[PDB]
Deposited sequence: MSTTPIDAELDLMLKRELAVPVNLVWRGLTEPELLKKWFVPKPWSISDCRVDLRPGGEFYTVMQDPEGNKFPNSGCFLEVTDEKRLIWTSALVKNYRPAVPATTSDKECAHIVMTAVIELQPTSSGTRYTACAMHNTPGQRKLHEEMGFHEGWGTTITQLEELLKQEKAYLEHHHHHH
């Protein structure tokens, strides 16, 4: 871990690892927690494989839409998910940024969730902090746990 370029977040969710994994990889679920309200997701496309596209359209409270395009780098079922915005579909360099590493670990009561956002420079890391990374990402995880608990039965 590089304190100069990376930001980390660790949380404990009272949900099984299999369910958490589905929440992180299924568009139908992603669009319900991936962004912190009042923000929302207008579209989400997922090709879950290395080199596969991770596309999402975020809408802010002002009504502005922001199409996001990323690429999956590692997909280790119920263990590790890595995607980057530095590359798009088929590993193509993105048009001129972060790489997210999500690690899961089952526990006696649920799943240990660890998220790390990797940046290219200290300035970008600092910028993400001033962008509300800790609060924002923290809120999304809370929304995730809330979603899985109520959709658990189904």
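Exercise for the section: Return the ranges of the deposited sequence not covered by C-alpha coordinates, sorted by sequence position. Expected result: Counting from residue 1, the stretches without coordinates are 1-5, 102-112, 171-178.
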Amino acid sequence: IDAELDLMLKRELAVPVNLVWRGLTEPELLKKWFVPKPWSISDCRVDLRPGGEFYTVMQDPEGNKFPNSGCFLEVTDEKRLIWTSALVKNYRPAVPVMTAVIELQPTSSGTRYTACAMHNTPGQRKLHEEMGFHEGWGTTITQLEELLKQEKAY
From here on, numbers count along this sequence of modelled residues.
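Practice task
Would you determine, from the values in the PDB entry, which of 43-51 and 111-119 has the greater average C-alpha temperature factor?
Solution key: Comparing averages over the C-alpha atoms only gives 111-119.
Handout entry: Segment of higher mean CA temperature factor, 11-19 or 127-135
Key = Comparing 11-19 with 127-135, the higher average CA B-factor belongs to 127-135.
Practice task
Kindly indicate the residue among 105, 68, 90, 99 with the greatest C-alpha B-factor in the PDB record.
Solution key: Of 105, 68, 90, 99, 68 has the highest C-alpha B-factor.
Practice task
Classify residue 59 as lowest, middle or highest third according to the C-alpha B-factor given in the PDB entry, relative to its own chain.
Solution key: Middle third by C-alpha B-factor.
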